[PDB]
Number of protein chains: 2
Amino acid sequence: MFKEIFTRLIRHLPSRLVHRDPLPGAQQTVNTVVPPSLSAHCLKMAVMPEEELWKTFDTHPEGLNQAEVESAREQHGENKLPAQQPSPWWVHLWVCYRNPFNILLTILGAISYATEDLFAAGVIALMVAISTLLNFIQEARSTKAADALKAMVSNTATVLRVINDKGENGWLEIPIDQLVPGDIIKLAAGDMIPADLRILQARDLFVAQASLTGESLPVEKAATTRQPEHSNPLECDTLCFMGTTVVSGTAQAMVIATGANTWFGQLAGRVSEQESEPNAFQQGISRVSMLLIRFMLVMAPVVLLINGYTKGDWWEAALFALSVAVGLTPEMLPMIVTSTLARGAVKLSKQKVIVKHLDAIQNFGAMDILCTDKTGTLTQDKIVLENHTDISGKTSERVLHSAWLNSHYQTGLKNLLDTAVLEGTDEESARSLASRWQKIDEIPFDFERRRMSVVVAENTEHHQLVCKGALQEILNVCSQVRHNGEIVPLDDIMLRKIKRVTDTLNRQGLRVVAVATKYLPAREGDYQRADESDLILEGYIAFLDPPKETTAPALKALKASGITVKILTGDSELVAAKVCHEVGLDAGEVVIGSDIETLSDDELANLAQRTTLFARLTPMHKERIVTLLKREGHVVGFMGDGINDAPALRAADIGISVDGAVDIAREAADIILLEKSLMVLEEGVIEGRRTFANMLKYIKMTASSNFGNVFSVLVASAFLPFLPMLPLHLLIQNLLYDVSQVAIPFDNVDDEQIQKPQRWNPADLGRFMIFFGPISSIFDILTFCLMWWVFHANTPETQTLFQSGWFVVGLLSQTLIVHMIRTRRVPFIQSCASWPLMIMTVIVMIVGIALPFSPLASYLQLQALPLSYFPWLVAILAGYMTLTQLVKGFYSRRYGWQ
Amino acid sequence: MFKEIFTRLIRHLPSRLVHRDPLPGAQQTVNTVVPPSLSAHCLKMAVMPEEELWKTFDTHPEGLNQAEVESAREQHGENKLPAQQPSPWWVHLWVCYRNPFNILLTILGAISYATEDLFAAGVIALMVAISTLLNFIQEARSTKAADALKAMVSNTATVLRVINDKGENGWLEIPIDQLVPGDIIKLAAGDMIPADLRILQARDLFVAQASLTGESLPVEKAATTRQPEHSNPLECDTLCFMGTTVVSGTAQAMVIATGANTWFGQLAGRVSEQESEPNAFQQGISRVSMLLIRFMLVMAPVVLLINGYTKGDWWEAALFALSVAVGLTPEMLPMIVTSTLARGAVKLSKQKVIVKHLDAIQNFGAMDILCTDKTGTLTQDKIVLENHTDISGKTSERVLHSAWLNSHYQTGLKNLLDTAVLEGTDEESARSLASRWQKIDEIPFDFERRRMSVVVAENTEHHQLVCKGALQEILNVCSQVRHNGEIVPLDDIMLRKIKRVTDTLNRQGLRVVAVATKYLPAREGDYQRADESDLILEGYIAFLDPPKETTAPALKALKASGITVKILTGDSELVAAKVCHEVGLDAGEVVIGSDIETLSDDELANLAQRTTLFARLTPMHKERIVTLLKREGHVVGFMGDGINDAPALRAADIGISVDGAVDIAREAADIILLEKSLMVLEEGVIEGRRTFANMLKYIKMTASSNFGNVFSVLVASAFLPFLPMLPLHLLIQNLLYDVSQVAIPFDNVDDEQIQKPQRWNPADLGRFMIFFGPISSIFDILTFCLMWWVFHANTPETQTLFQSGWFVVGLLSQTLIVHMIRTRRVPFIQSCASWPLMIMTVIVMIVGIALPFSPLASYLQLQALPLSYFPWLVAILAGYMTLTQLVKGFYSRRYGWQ
Ligand SMILES: Nc1ncnc2c1ncn2[C@@H]1O[C@H](COP(=O)(O)OP(=O)(O)OP(=O)(O)O)[C@@H](O)[C@H]1O
Ligand SMILES: Nc1ncnc2c1ncn2[C@@H]1O[C@H](COP(=O)(O)OP(=O)(O)OP(=O)(O)O)[C@@H](O)[C@H]1O
Ligand SMILES: [Mg+2]
Ligand SMILES: [Mg+2]
Ligand SMILES: [Mg+2]
Ligand SMILES: [Mg+2]
Ligand SMILES: [Mg+2]
Ligand SMILES: [Mg+2]
Ligand SMILES: [Mg+2]
Ligand SMILES: [Mg+2]
């Protein structure tokens with residue numbers, strides 16, 4: 001325990017490949033007051049006139065040429081966090097070369113084989129150099145390939161710039177990282193704010209400043225200040241901050257700060273600390289490395305003492321001990337992780353399952369609860385039927401026109417209703433209505449009201465207040481009904497008639513949306529929420545969106561694989577239960593969102609496991625239920641692409657999203673699907689499990705044989721009067737084994753280890769490496785005895801034959817046990833291996849067997865081999881390969897292979 | 001030269017692999033003289049009592065043991081046409097060995113090389129044997145693989161038999177070719193009759209005998225005859241014949257005749273005559289062979305005369321002539337065709353595009369018009385909404401039960417409406433209705449009436465006549481309307497109201513189905529079509545089946561590839577036009593099927609090219625329009641799976657069907673999709689186009705080089721005083737080239753030759769072989785000159801050096817030209833080749849190079865080679881390989897590569 005050196009002998013993968021990005025835009029709204037310097041700077045930056053910003057920076061409303069932009073970027077920096085910047089390649093090569101084991105091995109080789117055998121020191125240096133070069137090349141290629149997927153789904157911003165020749169403007173799109181202070185961008189509806197901005201012109205813009213303050217309701221933004229005093233940096237009504245979204249309207253602005261110099265960085269303390277959080281993966285890797293280093297430190301010094309006490313060459317004994325123990329170095333773990341996860345990431349990218357950071361694969365194949373939504377996931381989102389009826393039940397042709405205006409003079413996100421309404425009316429009426437009315441104002445949508453209104457006028461006499469929304473949210477405010485072509489007061493029986501007729505319209509999959517209007521005199525101020533009072537109800541619009549064809553087979557496959565699907569919707573409870581019944585899902589009993597509001601954590605944690613359907617949920621309920629569903633040991637995934645599902649994605653253990661959605665919903669995600677569906681997800685889960693199934697095998701088959709070799713050396717070398725194998729032979733054996741192992745990430749996995757949500761136990765290695773280690777030791781000692789007695793050996797004068805024989809038999813045994821302990825079934829007749837692995841094994845086997853009979857054998861302190869040794873070698877190899885097949889039965893009976 | 005009959009040097013592929021099965025069940029009802037013996041036997045069969053058929057055969061109503069069935073099958077035969085039986089493998093080996101070219105070559109080798117060297121004759125025999133053995137193995141393996149896909153979609157039949165051999169009945173399903181005479185089978189609705197039957201018990205069975213008589217109406221089938229006199233073999237009312245389906249009811253019969261001893265065999269004359277029909281493929285395969293044989297007889301005798309006049313060994317000259325000319329043999333075509341089509345068929349089988357006979361691939365990648373049907377191809381075929389309303393527009397709750405009774409007492413094919421109605425009622429009401437009523441009779445469905453009726457009684461006092469069908473086909477009969485709870489007479493305005501309300505229900509995608517009942521007193525006879533008079537209308541049912549999600553991308557992909565899609569529906573003309581608009585397909589103007597009935601052939605031919613939609617079509621219109629769309633030369637495909645689209649699938653140039661359909665629809669089809677969709681078809685069309693490209697390449701890149709070698713020999717053998725290459729070397733060259741070419745049907749085809757509905761022209765082989773042939777003769781004569789002058793040769797005592805050099809350079813030039821005349825782009829940087837082809841090329845190259853420097857070289861009359869010809873070999877090879885790249889430009893600009 002403790003041993004601060006043990007934390008320095010373990011290298012770490014970069015924090016961009018294994019850790020979730022710490023900056024979603026908001027993260028945690030800490031109570032850090034921060035020095036008043038930044039607040040004063042922001043307040044100063046929010047008061048200068050338009051002309052001052054012209055000269056403070058080099059901004060020009062015609063674009064920035066390709067020369068000034070580079071100079072300004074180099075002067076200031078880049079729009080990236082400090083932790084997201086890759087390291088230089090030469091530093092990467094250097095850090096992979098100063099490993100303590102490698103440096104000690106080189107120093108000890110220089111000490112021992114110098115005064116008489118300088119060539120041995122040279123070849124030792126060559127071997128360590130080639131090993132570290134192989135590791136560096138593999139890791140560098142994998143980490144370069146893994147960063148191409150991160151930039152393929154990056155957010156974009158619309159800058160003006162210059163594109164073609166000169167002053168051509170262009171309004172081209174660039175990634176948010178290629179941003180420079182003093183640059184002008186344009187904001188539209190549903191768009192993340194890249195960095196701190198300064199609005200120049202406005203068109204009734206609204207932003208959701210809830211990620212920083214918690215006001216929930218959107219806050220209006222304008223170019224020239226309208227409030228008398230700001231007194232705060234977050235309410236200046238003139239700037240913008242990253243992490244927020246644009247809810248309504250369009251505007252233009254110019255950036256004033258980028259990188260870590262903005263808000264949410266040093267102001268929120270995101271860079272300061274907040275990094276001492278290992279996310280499971282970083283704990284398992286550390287535990288595995290600690291186990292390996294503990295076993296190495298246990299094994300090495302006993303062998304050192306034995307070889308230093310039997311003979312008198314202490315330096316040689318220490319070097320031999322280090323050479324034997326080098327096979328269990330923790331330095332191999334980064335290669336094992338990166339070179340295997342990168343290939344899985346590329347294969348997933350081939351199936352439109354783009355993965356942002358490599359760690360997501362571990363949680364993507366180990367989950368057992370999927371929390372999705374209704375629209376898009378189950379339904380087509382394209383409606384094929386709609387009836388713009390009236391209050392009595394007749395086609396009106398007035399409700400449709402009163403709903404066209406509300407869906408043509410609004411700048412919010414378009415729905416599945418607005419497109420249908422725009423495509424429903426004929427061209428002539430649309431043109432006439434467009435020519436007859438002019439937009440005046442707009443009240444944007446916000447939750448807890450569920451209602452959107454727009455104010456339109458025809459002439460300079462009066463104004464209209466057309467309105468839509470859910471049926472209950474207009475029926476709760478309206479006061480009159482236009483019945484039989486005349487305005488009549490709304491009494492109580494008419495309220496009990498609509499709630500029956502429209503409830504009958506439900507239970508069939510039809511959604512109901514009401515429409516209300518109001519005549520209002522000529523005003524000059526700005527409207528607000530409270531203006532929507534005492535309107536006249538006109539009618540409703542009932543429409544149907546059918547279920548997607550590829551829904552039932554996806555659910556059957558997900559149930560077969562062990563994943564349980566739960567629906568967290570925010571629609572009505574009568575609908576979303578018929579939809580769940582048309583696709584075969586067992587809705588059972590539903591739970592509304594009002595009951596959850598008065599339940600304790602213990603009650604909810606046990607209620608939420610037998611529901612399968614929650615209706616009428618606010619986002620807070622979603623975020624609470626997602627958190628509570630992870631109670632016992634489960635892994636919970638949330639799939640959603642709305643504008644308000646920012647905390648839910650981070651709260652769950654995975655953040656599955658969809659490409660082509662709101663920017664904030666993609667900035668907080670982990671896996672970005674390229675096509676919203678459920679069959680793609682199902683086919684990607686299988687590959688996610690399969691890729692991670694190779695890593696465990698690649699670790700186990702490498703650790704077990706090395707431990708067996710170390711144990712054999714410890715047991716046998718005591719009686720032997722000389723070193724069984726010279727260290728150079730061990731080094732070249734390890735190098736050849738590492739070369740042969742490269743083809744493992746391209747293996748075949750049986751269809752029995754993946755049809756279950758798999759859980760990773762790092763302590764299984766310490767048992768699998770003890771049960772499968774001495775099996776090689778028995779045959780190694782048998783080969784020692786056979787070469788000693790049959791072939792007239794154990795002569796201090798002549799010993800190269802013994803070392804050559806053990807080298808050959810050891811390489812054969814090490815390389816040929818891979819094909820037998822990779823499966824639970826009988827090999828080569830039920831579960832074979834992939835062709836590249838066989839090809840690499842054969843090539844390495846030929847190279848190893850042909851090395852002693854080569855001109856270079858004498859240079860490497862090795863000699864030839866008699867032709868009578870081959871049958872005994874084959875017999876020993878076949879016996880060792882056969883024995884493990886019979887032994888394998890007892891291991892799984894104890895705790896389980898996987 | 002003609003002499004088509006004299007040309008018996010053309011072996012033919014079996015008729016079961018390239019020709020459509022001549023027995024679709026009815027074929028053509030030609031007026032052939034009926035054999036009196038067969039008619040007498042048929043009339044005699046259907047008069048015996050129940051007990052006589054017990055002893056006429058060995059049938060027992062408990063099954064047939066696994067011994068009696070085998071003996072009876074061996075005594076009578078098998079339920080298969082004589083043309084669909086495989087040949088013994090030893091006969092296959094023999095027919096591949098008696099090839100006239102091979103026999104003449106062997107005889108001439110025996111004549112020439114026997115009095116001075118028997119070893120030469122021995123090795124000649126060995127070479128020809130190994131060649132014919134390779135061809136036999138390839139063809140046999142491919143034709144064995146190809147017949148596994150033909151029995152995977154074979155029609156089944158429910159026989160009783162014994163499963164445990166101790167007595168358990170079983171009712172197991174077997175293919176219709178394992179049927180033994182004297183066996184009992186059970187018939188259900190929608191089941192083609194396997195063979196001639198004998199009905200034992202009946203449950204109001206109906207069979208559509210419209211494939212042998214043309215009545216077009218179902219004919220009732222009984223168990224004990226009720227008609228007084230038969231007087232005809234096709235109206236006995238007790239027997240069944242193959243080719244006819246079961247429309248309604250269930251029954252149990254016993255087979256009497258199987259195989260070619262049935263009706264439709266010697267009666268319809270299917271086996272006798274009507275065999276001389278080449279289906280395009282059999283014409284191109286003949287013309288290509290004719291061209292090859294014409295060139296061979298043009299080239300051989302001139303070379304024979306030259307080598308017999310220059311030298312004096314006439315036998316050697318003739319043997320050399322045949323050895324040079326053996327490359328252009330027509331015997332290699334069957335291997336080229338089968339071994340390349342079988343792999344494509346297997347790959348299609350891997351994508352659920354199962355192909356019945358191998359010729360369908362040629363017409364599956366060359367079609368430019370696709371004719372399909374609305375339901376199932378565009379809609380999901382399951383309804384998500386339905387309204388069992390009343391005449392005035394209210395939920396009647398009475399029209400539903402009057403529909404449940406009809407949908408619960410029918411025996412015909414189930415529809416999308418019946419499943420919903422059976423699922424659209426609560427369990428209690430269903431149980432009450434089932435326990436209250438009883439079934440009496442049933443009038444089946446038939447076209448030209450478009451309705452179904454069932455007679456149901458509750459107490460023995462009266463009955464009911466609940467009827468279903470189209471709105472116009474029921475409103476044309478009914479006389480009263482149950483309105484406001486009282487039966488009111490129907491008048492004219494009530495007819496102009498329904499046809500407006502229900503036409504407003506259309507234009508939205510809703511289908512309308514009416515319901516009518518009638519109160520009828522107690523009867524004892526059988527009802528007919530005319531009893532449906534003066535019914536009381538109750539209401540209609542409007543439902544909606546939504547479009548399938550994967551429809552628009554499929555249509556976009558099909559339009560990209562050039563496959564124009566046309567709709568031939570049999571539904572209303574108001575619906576099926578909104579459905580086409582929802583999926584994005586253009587409709588324009590709609591053509592009703594009544595207008596087509598009064599149009600000539602030319603007007604219909606020039607009209608059906610710009611319609612894209614046909615509404616309200618009877619099957620005769622479907623067949624006529626399908627026939628008349630092949631006017632210009634286009635290829636027309638029909639997709640359909642109904643009970644009446646039997647002649648349409650055969651009239652079209654390709655019978656695309658769907659697995660799981662009616663048996664008659666599958667028995668008259670070429671491709672059986674395993675999943676109804678428009679994306680599986682699209683992904684299979686590309687593979688179909690791609691396999692034919694590989695076939696064309698494999699044909700083209702073989703004959704041109706051989707013609708080049710023949711021309712080179714003809715040019716250069718005059719002045720040369722001895723044979724440039726001994727015949728054994730040429731034979732081994734051809735053998736090694738064939739071994740290298742084995743891997744061609746695994747190649748990569750560029751995505752430029754398959755983006756158009758390609759079509760085949762056999763005359764292009766007589767041009768590509770003349771343009772690219774002599775391009776190898778210049779380098780061949782240059783190599784001759786270089787070896788003669790630079791290497792001090794053409795001494796009539798030492799000549800093996802010349803033969804060795806030319807053999808090596810010729811093998812190199814033949815094998816290395818493949819990789820550049822296989823694409824139009826620049827090779828190895830824009831379009832590479834598949835790895836197996838490269839591996840085979842490398843292996844063959846190594847074997848060819850190492851052969852002269854081998855101990856066996858002296859046995860084959862071939863010596864070593866000095867280490868100075870290698871640079872000249874490499875230089876000339878590179879020059880020849882790089883000249884054709886520049887030459888390739890002028891070829892495509894003349895008539896086109898493909
Ligand atoms: N632009 C909008 N933003 C938010 N809510 C909207 C908007 N337009 C309509 N609504 C209504 O507000 C409620 C919020 O539904 P929302 O789209 O957030 O649901 P969800 O959680 O994504 O799931 P699903 O829509 O599949 O049931 C619904 O009643 C919806 O009809
Ligand atoms: N069992 C039935 N057999 C045949 N036609 C039926 C049957 N039941 C109802 N019909 C009606 O008879 C007509 C024949 O339609 P059919 O199923 O043959 O069309 P189709 O050519 O396959 O094309 P579509 O996709 O429009 O259905 C339709 O009006 C259909 O509603
Ligand atoms: Mg406003
Ligand atoms: Mg949503
Ligand atoms: Mg965006
Ligand atoms: Mg070992
Ligand atoms: Mg009847
Ligand atoms: Mg049909
Ligand atoms: Mg069948
Ligand atoms: Mg040649």
# chains A, B, ... in the order shown; residues from 1 in each chain; ligands from 1
call {"tool": "interface_residues", "arguments": {"of": "chain A", "to": "chain B", "cutoff": "8 Å", "atoms": "only C-alpha atoms", "output": "list in words"}}
result
residues 380, 384, 385, 508, 546, 548, 549 and 582 of chain A
call {"tool": "write_last_selection", "arguments": {"atoms": "N, CA, C and O atoms", "output": "PDB file, in the first residue's frame"}}
result
ATOM      1  N   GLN A 380     -43.322   7.621 -36.561  1.00  0.00           N
ATOM      2  CA  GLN A 380     -42.600   8.074 -37.746  1.00  0.00           C
ATOM      3  C   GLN A 380     -42.297   9.566 -37.691  1.00  0.00           C
ATOM      4  O   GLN A 380     -41.421  10.050 -38.418  1.00  0.00           O
ATOM      5  N   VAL A 384     -49.966  11.468 -41.190  1.00  0.00           N
ATOM      6  CA  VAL A 384     -50.636  11.161 -42.449  1.00  0.00           C
ATOM      7  C   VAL A 384     -52.109  11.542 -42.442  1.00  0.00           C
ATOM      8  O   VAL A 384     -52.755  11.487 -43.501  1.00  0.00           O
ATOM      9  N   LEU A 385     -52.662  11.921 -41.292  1.00  0.00           N
ATOM     10  CA  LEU A 385     -54.070  12.274 -41.177  1.00  0.00           C
ATOM     11  C   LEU A 385     -54.206  13.470 -40.250  1.00  0.00           C
ATOM     12  O   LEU A 385     -53.491  13.561 -39.249  1.00  0.00           O
ATOM     13  N   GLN A 508     -57.095   6.298 -29.381  1.00  0.00           N
ATOM     14  CA  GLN A 508     -56.934   5.861 -30.757  1.00  0.00           C
ATOM     15  C   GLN A 508     -55.607   6.296 -31.357  1.00  0.00           C
ATOM     16  O   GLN A 508     -55.338   5.974 -32.519  1.00  0.00           O
ATOM     17  N   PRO A 546     -48.188   7.559 -37.439  1.00  0.00           N
ATOM     18  CA  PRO A 546     -48.253   6.107 -37.294  1.00  0.00           C
ATOM     19  C   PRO A 546     -46.964   5.545 -36.729  1.00  0.00           C
ATOM     20  O   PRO A 546     -45.906   6.186 -36.814  1.00  0.00           O
ATOM     21  N   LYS A 548     -43.541   3.371 -36.435  1.00  0.00           N
ATOM     22  CA  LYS A 548     -42.513   3.012 -37.397  1.00  0.00           C
ATOM     23  C   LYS A 548     -42.528   1.509 -37.640  1.00  0.00           C
ATOM     24  O   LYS A 548     -42.773   0.721 -36.723  1.00  0.00           O
ATOM     25  N   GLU A 549     -42.276   1.117 -38.890  1.00  0.00           N
ATOM     26  CA  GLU A 549     -42.364  -0.295 -39.255  1.00  0.00           C
ATOM     27  C   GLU A 549     -41.320  -1.130 -38.522  1.00  0.00           C
ATOM     28  O   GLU A 549     -41.625  -2.221 -38.026  1.00  0.00           O
ATOM     29  N   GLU A 582     -49.663  -0.827 -29.743  1.00  0.00           N
ATOM     30  CA  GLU A 582     -49.637  -1.180 -31.159  1.00  0.00           C
ATOM     31  C   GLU A 582     -48.325  -1.844 -31.553  1.00  0.00           C
ATOM     32  O   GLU A 582     -48.296  -2.639 -32.497  1.00  0.00           O
TER      33      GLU A 582
END
call {"tool": "residues_around", "arguments": {"residues": "residue 41 (chain B)", "least_positions_apart": "4", "cutoff": "12 Å", "atoms": "only C-alpha atoms", "output": "list in words"}}
result
residues 35, 36, 37, 45, 46, 47, 48, 232, 233, 256, 257, 261, 262 and 263 of chain B
call {"tool": "residues_around", "arguments": {"residues": "residue 823 (chain A)", "least_positions_apart": "5", "cutoff": "10 Å", "atoms": "only C-alpha atoms", "output": "short mmCIF file (atom, residue, chain, number, x, y, z; two decimals) with N, CA and C atoms, in the first residue's frame"}}
result
data_model
loop_
_atom_site.label_atom_id
_atom_site.label_comp_id
_atom_site.auth_asym_id
_atom_site.auth_seq_id
_atom_site.Cartn_x
_atom_site.Cartn_y
_atom_site.Cartn_z
N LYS A 697 -9.52 -11.05 -23.14
CA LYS A 697 -8.74 -12.17 -23.66
C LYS A 697 -7.29 -11.77 -23.92
N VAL A 749 -15.42 -13.70 -31.86
CA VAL A 749 -15.96 -13.93 -30.52
C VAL A 749 -17.20 -14.81 -30.65
N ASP A 750 -17.27 -15.84 -29.81
CA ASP A 750 -18.38 -16.78 -29.85
C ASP A 750 -19.67 -16.10 -29.43
N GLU A 752 -21.84 -16.67 -27.31
CA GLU A 752 -22.31 -17.08 -25.99
C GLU A 752 -21.83 -16.17 -24.87
N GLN A 753 -20.73 -15.45 -25.06
CA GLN A 753 -20.24 -14.51 -24.06
C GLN A 753 -20.86 -13.13 -24.19
N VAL A 818 -2.53 -20.05 -27.55
CA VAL A 818 -3.54 -19.03 -27.78
C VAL A 818 -4.81 -19.64 -28.34
N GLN A 830 -15.61 -26.40 -33.56
CA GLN A 830 -16.82 -25.66 -33.22
C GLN A 830 -16.62 -24.16 -33.29
N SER A 831 -15.54 -23.64 -32.72
CA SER A 831 -15.25 -22.20 -32.72
C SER A 831 -13.80 -22.01 -33.16
N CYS A 832 -13.61 -21.65 -34.43
CA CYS A 832 -12.28 -21.41 -34.97
C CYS A 832 -11.84 -19.99 -34.61
N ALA A 833 -10.75 -19.53 -35.21
CA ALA A 833 -10.25 -18.18 -35.03
C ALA A 833 -10.18 -17.48 -36.38
N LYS A 888 -9.60 -27.52 -18.82
CA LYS A 888 -10.44 -26.32 -18.88
C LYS A 888 -11.78 -26.51 -18.17
N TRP A 897 -15.69 -18.34 -16.45
CA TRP A 897 -14.74 -17.78 -17.41
C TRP A 897 -15.03 -16.32 -17.69
#
call {"tool": "residues_around", "arguments": {"residues": "residue 473 (chain B)", "least_positions_apart": "4", "cutoff": "10 Å", "atoms": "only C-alpha atoms", "output": "list in words"}}
result
residues 448, 449, 450, 451, 468, 469, 477, 478, 513 and 514 of chain B
call {"tool": "write_last_selection", "arguments": {"atoms": "N, CA and C atoms", "output": "PDB file, in the first residue's frame"}}
result
ATOM      1  N   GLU B 448     -66.043  -9.760 -60.418  1.00  0.00           N
ATOM      2  CA  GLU B 448     -67.202  -9.258 -61.153  1.00  0.00           C
ATOM      3  C   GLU B 448     -68.431  -9.120 -60.264  1.00  0.00           C
ATOM      4  N   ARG B 449     -68.352  -9.520 -58.999  1.00  0.00           N
ATOM      5  CA  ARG B 449     -69.377  -9.252 -58.001  1.00  0.00           C
ATOM      6  C   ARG B 449     -68.836  -8.499 -56.798  1.00  0.00           C
ATOM      7  N   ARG B 450     -67.652  -8.877 -56.313  1.00  0.00           N
ATOM      8  CA  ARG B 450     -66.940  -8.161 -55.254  1.00  0.00           C
ATOM      9  C   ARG B 450     -67.774  -8.061 -53.976  1.00  0.00           C
ATOM     10  N   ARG B 451     -68.077  -9.223 -53.401  1.00  0.00           N
ATOM     11  CA  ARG B 451     -68.718  -9.287 -52.094  1.00  0.00           C
ATOM     12  C   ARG B 451     -68.607 -10.707 -51.562  1.00  0.00           C
ATOM     13  N   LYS B 468     -70.637  -8.335 -46.938  1.00  0.00           N
ATOM     14  CA  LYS B 468     -69.560  -7.359 -46.941  1.00  0.00           C
ATOM     15  C   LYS B 468     -69.157  -7.049 -48.379  1.00  0.00           C
ATOM     16  N   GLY B 469     -68.350  -6.006 -48.552  1.00  0.00           N
ATOM     17  CA  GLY B 469     -67.824  -5.698 -49.866  1.00  0.00           C
ATOM     18  C   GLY B 469     -67.576  -4.224 -50.111  1.00  0.00           C
ATOM     19  N   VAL B 477     -77.412  -2.889 -54.680  1.00  0.00           N
ATOM     20  CA  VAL B 477     -78.317  -4.012 -54.462  1.00  0.00           C
ATOM     21  C   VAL B 477     -79.336  -3.687 -53.379  1.00  0.00           C
ATOM     22  N   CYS B 478     -78.882  -3.061 -52.297  1.00  0.00           N
ATOM     23  CA  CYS B 478     -79.728  -2.837 -51.134  1.00  0.00           C
ATOM     24  C   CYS B 478     -80.933  -1.967 -51.485  1.00  0.00           C
ATOM     25  N   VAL B 513     -65.658   0.192 -46.426  1.00  0.00           N
ATOM     26  CA  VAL B 513     -66.259  -1.119 -46.638  1.00  0.00           C
ATOM     27  C   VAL B 513     -67.633  -1.121 -45.985  1.00  0.00           C
ATOM     28  N   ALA B 514     -68.657  -1.464 -46.756  1.00  0.00           N
ATOM     29  CA  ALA B 514     -70.033  -1.425 -46.284  1.00  0.00           C
ATOM     30  C   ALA B 514     -70.461  -2.788 -45.751  1.00  0.00           C
TER      31      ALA B 514
END
call {"tool": "select_by_dssp", "arguments": {"residues": "region 338-499 of chain B", "states": "helix (DSSP H, G or I)", "output": "ChimeraX atom specification"}}
result
/B:338-349,360-364,399-408,416-423,427-436,471-475,493-499
call {"tool": "closest_residue", "arguments": {"among": "B:417, B:535, B:430, B:695", "to": "ligand 2", "atoms": "only C-alpha atoms and all ligand atoms"}}
result
B:417
call {"tool": "atom_distance", "arguments": {"atom1": "CA of residue 709 (chain A)", "atom2": "CA of residue 769 (chain A)"}}
result
11.5 Å
call {"tool": "residues_near_ligand", "arguments": {"ligand": "ligand 4", "cutoff": "10 Å", "atoms": "only C-alpha atoms and all ligand atoms", "output": "ChimeraX atom specification"}}
result
/A:372-377,569-571,639-645
call {"tool": "residues_near_ligand", "arguments": {"ligand": "ligand 7", "cutoff": "12 Å", "atoms": "only C-alpha atoms and all ligand atoms", "output": "JSON, numbers by chain"}}
result
{"B": [202, 203, 204, 205, 206, 218, 219, 220, 221, 222, 248, 249, 439, 440, 441, 442, 443, 444, 445, 453, 454, 455, 524, 525, 526, 527, 528, 529, 531]}
call {"tool": "residues_around", "arguments": {"residues": "residue 402 (chain B)", "least_positions_apart": "2", "cutoff": "9 Å", "atoms": "only C-alpha atoms", "output": "list in words"}}
result
residues 398, 399, 400, 404, 405, 406, 407, 466, 467, 515, 516, 517 and 538 of chain B
call {"tool": "residues_near_ligand", "arguments": {"ligand": "ligand 9", "cutoff": "10 Å", "atoms": "only C-alpha atoms and all ligand atoms", "output": "list in words"}}
result
residues 154, 155, 156, 157, 158, 173, 175, 187, 188, 189, 190, 191, 192, 193, 659, 660, 661, 662, 663, 664, 665, 666 and 667 of chain B
call {"tool": "atom_distance", "arguments": {"atom1": "CA of residue 658 (chain A)", "atom2": "CA of residue 142 (chain A)"}}
result
25.6 Å
